[PDB]
$ cat my_file26.pdb   # PDB, C-alpha atoms
ATOM      1  CA  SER A   1     -10.725  -4.994 -16.108
ATOM      2  CA  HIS A   2     -12.008  -2.542 -13.361
ATOM      3  CA  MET A   3     -12.086  -4.244  -9.860
ATOM      4  CA  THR A   4      -8.499  -5.221 -10.853
ATOM      5  CA  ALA A   5      -6.006  -2.473 -10.047
ATOM      6  CA  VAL A   6      -8.362  -0.587  -7.670
ATOM      7  CA  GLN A   7      -9.094  -3.832  -5.802
ATOM      8  CA  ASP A   8      -5.496  -5.038  -5.282
ATOM      9  CA  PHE A   9      -4.500  -1.483  -4.303
ATOM     10  CA  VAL A  10      -7.379  -1.127  -1.758
ATOM     11  CA  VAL A  11      -6.534  -4.403   0.138
ATOM     12  CA  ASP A  12      -2.887  -3.254   0.530
ATOM     13  CA  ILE A  13      -4.467  -0.835   3.114
ATOM     14  CA  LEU A  14      -7.561  -2.921   4.009
ATOM     15  CA  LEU A  15      -6.120  -6.252   5.224
ATOM     16  CA  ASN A  16      -2.372  -5.794   4.673
ATOM     17  CA  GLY A  17      -2.387  -2.308   6.373
ATOM     18  CA  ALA A  18      -1.029   1.033   5.119
ATOM     19  CA  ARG A  19       1.882   3.284   5.725
ATOM     20  CA  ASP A  20       1.500   5.665   8.679
ATOM     21  CA  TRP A  21      -2.294   5.959   7.965
ATOM     22  CA  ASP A  22      -5.088   4.640  10.209
ATOM     23  CA  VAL A  23      -7.114   1.925   8.441
ATOM     24  CA  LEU A  24     -10.572   3.319   8.383
ATOM     25  CA  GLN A  25     -13.591   1.952   6.743
ATOM     26  CA  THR A  26     -15.747   5.003   6.387
ATOM     27  CA  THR A  27     -17.166   6.803   3.290
ATOM     28  CA  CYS A  28     -16.611  10.522   2.741
ATOM     29  CA  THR A  29     -18.808  13.138   1.116
ATOM     30  CA  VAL A  30     -17.372  15.682  -1.332
ATOM     31  CA  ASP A  31     -18.220  17.094  -4.856
ATOM     32  CA  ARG A  32     -21.939  16.213  -4.188
ATOM     33  CA  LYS A  33     -20.647  12.574  -4.414
ATOM     34  CA  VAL A  34     -19.606  10.000  -1.775
ATOM     35  CA  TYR A  35     -16.240   8.201  -1.958
ATOM     36  CA  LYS A  36     -15.178   5.169   0.055
ATOM     37  CA  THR A  37     -12.167   5.722   2.342
ATOM     38  CA  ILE A  38      -9.716   3.016   3.222
ATOM     39  CA  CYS A  39      -7.419   5.008   5.427
ATOM     40  CA  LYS A  40      -7.038   8.201   7.287
ATOM     41  CA  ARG A  41      -3.932  10.182   8.192
ATOM     42  CA  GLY A  42      -4.480  13.464   9.946
ATOM     43  CA  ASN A  43      -7.030  15.587   8.067
ATOM     44  CA  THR A  44      -6.665  13.317   4.940
ATOM     45  CA  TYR A  45      -8.858  10.366   3.881
ATOM     46  CA  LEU A  46      -7.754   8.359   0.957
ATOM     47  CA  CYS A  47     -10.768   7.117  -0.990
ATOM     48  CA  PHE A  48     -11.575   5.143  -4.170
ATOM     49  CA  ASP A  49     -14.336   4.818  -6.761
ATOM     50  CA  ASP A  50     -14.884   2.555  -9.819
ATOM     51  CA  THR A  51     -12.107   4.148 -11.855
ATOM     52  CA  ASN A  52      -9.329   5.504  -9.676
ATOM     53  CA  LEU A  53      -8.644   7.047  -6.269
ATOM     54  CA  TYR A  54      -8.972  10.473  -4.759
ATOM     55  CA  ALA A  55      -7.359  12.093  -1.733
ATOM     56  CA  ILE A  56      -9.983  13.973   0.230
ATOM     57  CA  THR A  57      -7.899  16.450   2.243
ATOM     58  CA  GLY A  58     -10.650  17.662   4.604
ATOM     59  CA  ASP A  59     -13.062  18.911   1.894
ATOM     60  CA  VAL A  60     -10.563  18.836  -1.073
ATOM     61  CA  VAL A  61     -11.115  16.028  -3.556
ATOM     62  CA  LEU A  62      -7.956  15.203  -5.493
ATOM     63  CA  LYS A  63      -8.484  12.677  -8.264
ATOM     64  CA  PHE A  64      -5.463  10.496  -9.066
ATOM     65  CA  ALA A  65      -4.846   9.451 -12.714
ATOM     66  CA  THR A  66      -4.258   5.847 -11.442
ATOM     67  CA  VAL A  67      -4.585   3.692  -8.491
ATOM     68  CA  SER A  68      -0.761   3.387  -7.887
ATOM     69  CA  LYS A  69      -0.625   7.209  -7.486
ATOM     70  CA  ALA A  70      -2.490   6.989  -4.193
ATOM     71  CA  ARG A  71       0.123   4.365  -3.078
ATOM     72  CA  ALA A  72       3.003   6.804  -3.618
ATOM     73  CA  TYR A  73       0.809   9.530  -1.950
ATOM     74  CA  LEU A  74       0.570   7.354   1.200
ATOM     75  CA  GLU A  75       4.345   7.676   1.751
ATOM     76  CA  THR A  76       4.326  11.369   0.544
ATOM     77  CA  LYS A  77       2.182  13.782   2.719
TER      78      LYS A  77
END
$ encode --input "my_file26.pdb" --output "structure tokens"
Amino acid sequence: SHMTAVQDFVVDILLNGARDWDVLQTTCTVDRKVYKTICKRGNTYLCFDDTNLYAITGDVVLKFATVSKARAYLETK
């Protein structure tokens, strides 16, 4: 598994559409790394890598321990 949980999560924004977030296909740059956003709400950009998700709040990378964490983030701030 890898493109399993991450995948299925990402399309819930990508085709199916988020919560109150804009559905943005851009990639963000933080931590001297680039992360792929799915969706933007305000100053926040929810992004994923090979492993898990991160919220980038402006310049603030916030690694989730899961993919499903970012789903419950999308309804919570």
$ resolve_selection --input "my_file26.pdb" --expression "the PyMOL selection byres ((chain A and resi 5) around 12)" --output "list in words"
residues 1, 2, 3, 4, 6, 7, 8, 9, 10, 11, 12, 48, 49, 50, 51, 52, 53, 66, 67, 68, 69, 70 and 71 of chain A
$ residues_around --input "my_file26.pdb" --residues "residue 74 (chain A)" --least-positions-apart "5" --cutoff "8 Å" --atoms "only C-alpha atoms" --output "VMD selection string"
chain A and resid 18 to 21
$ closest_residue --input "my_file26.pdb" --among "A:55, A:27, A:47, A:38" --to "residue 76 (chain A)" --atoms "all atoms listed in the file"
A:55
$ atom_distance --input "my_file26.pdb" --atom1 "CA of residue 29 (chain A)" --atom2 "CA of residue 59 (chain A)"
8.2 Å
$ atom_distance --input "my_file26.pdb" --atom1 "CA of residue 25 (chain A)" --atom2 "CA of residue 39 (chain A)"
7.0 Å
$ atom_distance --input "my_file26.pdb" --atom1 "CA of residue 35 (chain A)" --atom2 "CA of residue 60 (chain A)"
12.1 Å
$ closest_residue --input "my_file26.pdb" --among "A:24, A:30, A:58, A:41" --to "residue 75 (chain A)" --atoms "all atoms listed in the file"
A:41
$ residues_near_point --input "my_file26.pdb" --point "(-6.5, 17.2, 0.0)" --cutoff "10 Å" --atoms "only C-alpha atoms" --output "ChimeraX atom specification"
/A:43-46,54-63,77
$ write_last_selection --input "my_file26.pdb" --atoms "C-alpha atoms" --output "PDB file, in the frame of the given file"
ATOM      1  CA  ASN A  43      -7.030  15.587   8.067  1.00  0.00           C
ATOM      2  CA  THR A  44      -6.665  13.317   4.940  1.00  0.00           C
ATOM      3  CA  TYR A  45      -8.858  10.366   3.881  1.00  0.00           C
ATOM      4  CA  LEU A  46      -7.754   8.359   0.957  1.00  0.00           C
ATOM      5  CA  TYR A  54      -8.972  10.473  -4.759  1.00  0.00           C
ATOM      6  CA  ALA A  55      -7.359  12.093  -1.733  1.00  0.00           C
ATOM      7  CA  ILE A  56      -9.983  13.973   0.230  1.00  0.00           C
ATOM      8  CA  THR A  57      -7.899  16.450   2.243  1.00  0.00           C
ATOM      9  CA  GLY A  58     -10.650  17.662   4.604  1.00  0.00           C
ATOM     10  CA  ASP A  59     -13.062  18.911   1.894  1.00  0.00           C
ATOM     11  CA  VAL A  60     -10.563  18.836  -1.073  1.00  0.00           C
ATOM     12  CA  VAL A  61     -11.115  16.028  -3.556  1.00  0.00           C
ATOM     13  CA  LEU A  62      -7.956  15.203  -5.493  1.00  0.00           C
ATOM     14  CA  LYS A  63      -8.484  12.677  -8.264  1.00  0.00           C
ATOM     15  CA  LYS A  77       2.182  13.782   2.719  1.00  0.00           C
TER      16      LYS A  77
END
$ decode --input "my_file26.pdb" --residues "region 15-36 of chain A" --atoms "C-alpha atoms" --output "PDB file, in the first residue's frame"
ATOM      1  CA  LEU A  15     -13.154  15.434  -8.162  1.00  0.00           C
ATOM      2  CA  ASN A  16     -15.727  15.035  -5.373  1.00  0.00           C
ATOM      3  CA  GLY A  17     -14.932  18.542  -3.920  1.00  0.00           C
ATOM      4  CA  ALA A  18     -14.061  19.572  -0.347  1.00  0.00           C
ATOM      5  CA  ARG A  19     -15.679  21.254   2.561  1.00  0.00           C
ATOM      6  CA  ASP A  20     -15.588  25.066   2.484  1.00  0.00           C
ATOM      7  CA  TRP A  21     -12.126  24.959   0.754  1.00  0.00           C
ATOM      8  CA  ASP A  22     -11.395  26.064  -2.828  1.00  0.00           C
ATOM      9  CA  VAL A  23     -10.197  23.129  -4.961  1.00  0.00           C
ATOM     10  CA  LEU A  24      -6.806  24.197  -6.087  1.00  0.00           C
ATOM     11  CA  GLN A  25      -4.290  22.277  -7.997  1.00  0.00           C
ATOM     12  CA  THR A  26      -1.106  24.064  -7.129  1.00  0.00           C
ATOM     13  CA  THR A  27       2.098  22.891  -5.340  1.00  0.00           C
ATOM     14  CA  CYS A  28       3.478  24.761  -2.334  1.00  0.00           C
ATOM     15  CA  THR A  29       7.039  25.294  -1.174  1.00  0.00           C
ATOM     16  CA  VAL A  30       8.006  24.893   2.491  1.00  0.00           C
ATOM     17  CA  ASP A  31      10.765  23.105   4.569  1.00  0.00           C
ATOM     18  CA  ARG A  32      13.085  23.327   1.467  1.00  0.00           C
ATOM     19  CA  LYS A  33      10.584  20.779  -0.021  1.00  0.00           C
ATOM     20  CA  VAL A  34       7.542  21.139  -2.321  1.00  0.00           C
ATOM     21  CA  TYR A  35       4.153  19.634  -1.400  1.00  0.00           C
ATOM     22  CA  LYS A  36       1.159  19.219  -3.689  1.00  0.00           C
TER      23      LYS A  36
END
